[PDB]
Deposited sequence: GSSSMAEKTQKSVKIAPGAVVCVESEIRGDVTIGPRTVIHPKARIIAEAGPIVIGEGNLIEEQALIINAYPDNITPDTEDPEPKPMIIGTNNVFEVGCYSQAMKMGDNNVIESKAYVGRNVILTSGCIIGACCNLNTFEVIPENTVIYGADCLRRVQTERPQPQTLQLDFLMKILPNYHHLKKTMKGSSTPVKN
């Protein structure tokens, strides 16, 4: 069953299936898909999931919960299987974040980037290029 915090804004035209928990201040646009397939999904306070974004707790390519922190922006048509994500991240339009990727905090995944890697992204990283071959440090604080 789907559990939304009072004061979260989830549009009727979004697709939300499985054991999903939505923190307060979170907003989910129409046509966003959130699917707790292989395990629960937990979304924290103050995230934005935009149109056609796809978030899925999927079975891997081999034989539990997906945890998302606070203040992350999932831009239109992006696709995430990352099982853990911290705070203050932005995933840009049509970027893909793979199941073996762990996002920390303050990161930016560039538009159209296909990040299907096995790694923990250091804090404050920007990864961009369709290829995902470029990385810089934001050097910004967090608060």
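- Residues of the deposited sequence lacking C-alpha coordinates, numbered from 1, fall in the stretches 1-11, 75-83, 164-194.
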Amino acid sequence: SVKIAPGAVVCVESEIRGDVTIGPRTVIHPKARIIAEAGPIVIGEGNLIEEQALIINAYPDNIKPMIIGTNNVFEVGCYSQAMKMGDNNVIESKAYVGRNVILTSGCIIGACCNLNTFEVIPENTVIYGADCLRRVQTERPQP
From here on, numbers count along this sequence of modelled residues.
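- Relative to its counterpart among 73-81 and 54-62, 54-62 has the higher mean temperature factor, C-alpha atoms as listed in the PDB entry.
- Within the listed group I43, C107, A111, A38, the record reports its top CA B-factor for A38.
- Remark: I102 belongs to the highest third of its chain, ranked by C-alpha B-factor as recorded.
- Ranked by C-alpha B-factor against the other modelled residues of its chain, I127 falls in the lowest third.
- For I4, the recorded CA temperature factor ranks within the highest third of the chain's modelled residues.
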